[PDB]
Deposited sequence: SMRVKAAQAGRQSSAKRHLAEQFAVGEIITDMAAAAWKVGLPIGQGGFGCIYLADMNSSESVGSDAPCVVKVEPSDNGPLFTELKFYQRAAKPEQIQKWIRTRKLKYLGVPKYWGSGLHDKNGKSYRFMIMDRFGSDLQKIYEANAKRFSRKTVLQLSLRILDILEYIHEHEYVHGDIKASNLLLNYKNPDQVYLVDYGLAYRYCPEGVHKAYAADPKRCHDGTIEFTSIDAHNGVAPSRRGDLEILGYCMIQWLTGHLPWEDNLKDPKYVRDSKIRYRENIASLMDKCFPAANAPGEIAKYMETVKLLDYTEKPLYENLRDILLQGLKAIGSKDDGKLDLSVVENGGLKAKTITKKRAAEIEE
């Protein structure tokens, strides 16, 4: 069922006007209202789902609470970042069509996801690429965590490049994000009945596998698994993904003995030491503990020095 008439002008709750274009989720290209058609270079998209769709409501609340353009810009200035890979929220509203009620949200438009590029590079990223990606993901995670949310699902298909700058990566999809610390009150170590999602099996946290709500350590552990996947093309448990008990078992045992994970994943005597140090630091976090993000970034920065590079912001894709 078509939600829009292509080229129609829609007006958000702030009375800002937008024009709808072709699909690019039900997601269409969008631009500011003008006499021009919405082109394939549109700077925004519009996401539209039925008003009872739970994930779009969750996502919209995240973007309204944490991704207001000026809120992001203030953080960038105060923390002296080059950029922050949290997509900007440009507006939202309600759209009725043919007796059905929809919700819409206007967001930044992006270029390619990282999964497409990874697969086009025969399922490897370089050590430089992985460290540069991970430093920027650590900035993103620190930001969302400080604004009471965890992503719980970091992976290359949720990492998009800036449409006009292939050195800037953004983390998307907050439909199943989780508000772990509402009003500064950390959730307890237990399932949340209101949350059904377990993440993506090959990358998800041990916490998620144990049926508890995701927290900050879980996001950092997910990134850990991504790093190994990216560096090596593989994870140890990838042939057993239909059995969650198996996946959890392997992650638990590998966490208890990170040296064995390094031996499994990398050629003998040739493991990148910053990855092990990263995993060891994450292993020391309690369920409610605030990560020392700057120490984690320092660990990755020590890896760039080790390979004769520096954090120059180049993703080398």
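- Numbered from the first deposited residue, the unresolved ranges run 1 to 19, 44 to 48, 342 to 364.
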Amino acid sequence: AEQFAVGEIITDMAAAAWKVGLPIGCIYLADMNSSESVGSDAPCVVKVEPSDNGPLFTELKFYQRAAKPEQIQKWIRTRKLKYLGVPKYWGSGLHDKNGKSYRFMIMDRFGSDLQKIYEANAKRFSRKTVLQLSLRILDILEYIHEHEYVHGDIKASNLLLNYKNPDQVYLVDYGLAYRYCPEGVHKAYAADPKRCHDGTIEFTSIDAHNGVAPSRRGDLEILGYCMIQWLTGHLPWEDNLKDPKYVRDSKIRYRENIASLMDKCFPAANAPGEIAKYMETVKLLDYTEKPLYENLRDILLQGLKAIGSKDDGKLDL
From here on, numbers count along this sequence of modelled residues.
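Superpose the two forms; the largest set of C-alphas matching within 1.5 Å is the rigid core.
- Core superposition of the other structures onto this form places the C-alphas of 94 to 102 farther off in 7 other deposited structures of this protein than those of the other stretch among 94 to 102 and 132 to 140.
- In this entry, 236 to 244 has the higher mean Cα B-factor, the comparison being between 236 to 244 and 142 to 150.
- When the C-alpha B-factors of 43 to 51 and 268 to 276 are averaged, 268 to 276 comes out higher.
- If you compare the C-alpha temperature factors of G91, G224, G218, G99 in the entry, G99 comes out highest.
- Of the candidates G85, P193, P182, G175, the one whose C-alpha carries the top B factor in the deposited record is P193.
- Sort the modelled residues of the chain by CA B factor and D249 lands in the lowest third.
- Among the modelled residues of its chain, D207 has a C-alpha B-factor that falls in the lowest third, as given in the PDB entry.
- Annotation for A188: C-alpha temperature factor in the highest third relative to the rest of the modelled chain, per the entry.
- When all modelled residues of the chain are sorted by CA temperature factor, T288 is found within the middle third.
- In the deposited entry, the Cα temperature factor of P166 places it in the highest third of its chain's modelled residues.
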